[PDB]
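In structure tokens, one chain follows: the form deposited in one PDB entry.
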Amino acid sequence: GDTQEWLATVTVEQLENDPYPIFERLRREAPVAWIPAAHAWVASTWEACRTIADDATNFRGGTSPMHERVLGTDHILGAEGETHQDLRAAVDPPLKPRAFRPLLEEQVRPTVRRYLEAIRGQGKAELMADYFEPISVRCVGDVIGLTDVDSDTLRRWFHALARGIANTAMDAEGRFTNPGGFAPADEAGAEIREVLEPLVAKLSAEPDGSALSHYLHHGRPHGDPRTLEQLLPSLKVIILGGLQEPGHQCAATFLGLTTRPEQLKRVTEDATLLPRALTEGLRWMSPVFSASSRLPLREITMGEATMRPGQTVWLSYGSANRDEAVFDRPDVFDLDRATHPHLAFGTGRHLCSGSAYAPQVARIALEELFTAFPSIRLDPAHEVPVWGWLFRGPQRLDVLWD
């Protein structure tokens, strides 16, 4: 009763601006809990998240009214069975190491160095807009068919879609209380479709082996390519998270390192520590903090939570990765933390398709930054605003160097 009374007082604003004390209490008191402000359940412990994520018998891939509005109905996150296998066939192969490894030095590092040289000329930087986001959107956009879309547009798109997903304030009846918050996503969606539809039409009839051609034709009979609507919601999943998350991994890892000066110094002197740092960054401030989700396939009870079909169950992998039962002092960033899996890429059949590629983009981005500016530090003139409980990360990351 005490926990339910407290949850009735939690606002979306509190979740966005100060989630850690909320999830700390949930992990202790209610591993799965209904959040009235969001009209949805959230799972907060490692075991609640892992079990719900993996259990393909009692839960299906998640969705929500924001997913449907922003992405479309039949997106890969929500898909199961042959439909999910088919969408994974479309998106997965270009993201495997056998496919992307040559691009790391041919494409990714040159892209990173272009942005590195731009900030070198400034003598300081706001690393989100000036470095991490352009690198992320270019390196990912260039491998998902958006080679001809400029970085400003790609950043605008992911920010708009991510804002739409986060626009989850709902009343007791499940009605949006801020429908105007979808206007950026609605416009981004129209622009995305206007770019992709002519490419899909062309490549459907005359395949060329580019990324979108594979999305249409790989694993399909000749004469039965995927259609625009079969792909578009999933392409929007990738335009949101494929473009946003790598920049957040970089920023989370950078910020975490700044909290441990001796570890930051070690990493600047030895780039081979970056994979370990990046893994700890994902655990310490998981970019997809609670935007993963499942839906129940039957009425199912976990503790006081009796979940029913159609209801969103958000999986706070970011809270799971902060669970005191699994990690010692989980609120601390520790480059040398004892080896253990994390949930920042999820688990099971819906495990992130980008889980091998994203850490390589981030590794190269940080390698170049720390090699060029080993004296880099946070700019004390500007706070580092960290925001979000669905998607979480630094909004701005002003730095100085000597």
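Residue positions are given as counts along the sequence shown, with the first one as 1. Under this definition, the rigid core comprises the largest set of C-alpha atoms superposing within 1.5 Å between the forms.
Unshown form deposited in another entry; subsequent notes refer to it.
**Q** Picking from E105, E117, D148, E82, which residue has its CA shift by 2 Å or more between this form and the one not shown, once the rigid core of the two forms is superposed?
**A** After core superposition, the one over threshold is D148.
**Q** Look at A160 and decide if its Cα position differs by 2 Å or more between this form and the one not shown after superposing on the rigid core.
**A** After core superposition, the C-alpha of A160 moves 2 Å or more between this form and the one not shown.
**Q** Classify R337 as shifted (yes) or not shifted (no) between this form and the one not shown, where shifted means its C-alpha moves by 2 Å or more with the rigid core superposed.
**A** Not so; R337 is displaced by less than 2 Å.
**Q** Is it true that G189 shifts between this form and the one not shown by 2 Å or more at the Cα, once the core is aligned?
**A** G189: C-alpha displaced by 2 Å or more between this form and the one not shown.
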